[PDB]
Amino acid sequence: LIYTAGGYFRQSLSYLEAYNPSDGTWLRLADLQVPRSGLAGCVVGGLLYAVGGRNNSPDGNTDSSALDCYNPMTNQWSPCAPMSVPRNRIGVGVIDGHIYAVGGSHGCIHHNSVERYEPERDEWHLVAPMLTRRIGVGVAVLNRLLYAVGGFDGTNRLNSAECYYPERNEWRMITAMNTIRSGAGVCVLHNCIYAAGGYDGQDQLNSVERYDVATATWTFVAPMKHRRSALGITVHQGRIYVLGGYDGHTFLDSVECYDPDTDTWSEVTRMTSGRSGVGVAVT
């Protein structure tokens, strides 16, 4: 199922809801213990993780350094060790069963730092920083390499992307995207890195482009129906699913689905309530 955790509508949310693309059902599961938006989600060893974010509420606006783990067999959240700094609008990718936390903000500070979590030791350790400060950064893993794509450096929104080599622990810039995108959905489908939607400083985007490693080229594919930034994104059964977001006026419940073979986006479901800034993963 596609799990979405957290998000924002009027305040940061605790929701954990799981969608079944088979029967179209929405399952409601255990609440996050602390609300959070601008987090990221991943899955390691069959356990679902919620990383960073912040709790934006009527009584505070606290950036989160928290790492929290949901077991689909127990329906229970458990705390893990926290990151070295709070990271709102974080990006995460999974390499070799390790969780990489990328960028994000703490107050005015826009991080270029990166750190790596070892689930079997429940510890974080800092790795090499990105070349660019990036919040609202999209992160994807391809051929055991970590890509940081787009985002916002505190002043400029970014079309640049860079690549992390775990064996050499160093970052290398790659070809920039055709479009500047902060708060896009960034995943890997088959063997391209996809960047969908985002915000370019003036408008939310519906365009979608994909990166081909061998040619180092970004190409546009079919656009989504609805422009959106701060969306969740995941891959389910060779399909791309994007969930919610913000279009400059409204918080979307729309869930769109990209069929790569037809190069077509379809409306597949609505979330139970519109929201932005969710964390999403599959298990």
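Numbers for residues come from their place in the sequence shown, where the first is 1.
Remark: stretch with higher mean C-alpha B factor among 206-214 and 163-171 is 163-171. When the C-alpha B-factors of 241-249 and 53-61 are averaged, 241-249 comes out higher. As recorded in the entry, 77 carries the highest CA temperature factor of 194, 152, 77, 100.
Taking only the listed residues 257, 221, 66, 233, the entry reports the highest CA temperature factor at 257.
The PDB entry assigns residue 156 a C-alpha temperature factor belonging to the lowest third of its chain's modelled residues. Per the PDB record, residue ranking by Cα B-factor puts residue 179 in the lowest third of the chain. Annotation for residue 95: C-alpha temperature factor in the highest third relative to the rest of the modelled chain, per the entry. In the deposited entry, the Cα temperature factor of residue 39 sits in the bottom third of values across the chain's modelled residues. Per the PDB record, residue ranking by Cα B-factor puts residue 262 in the highest third of the chain.
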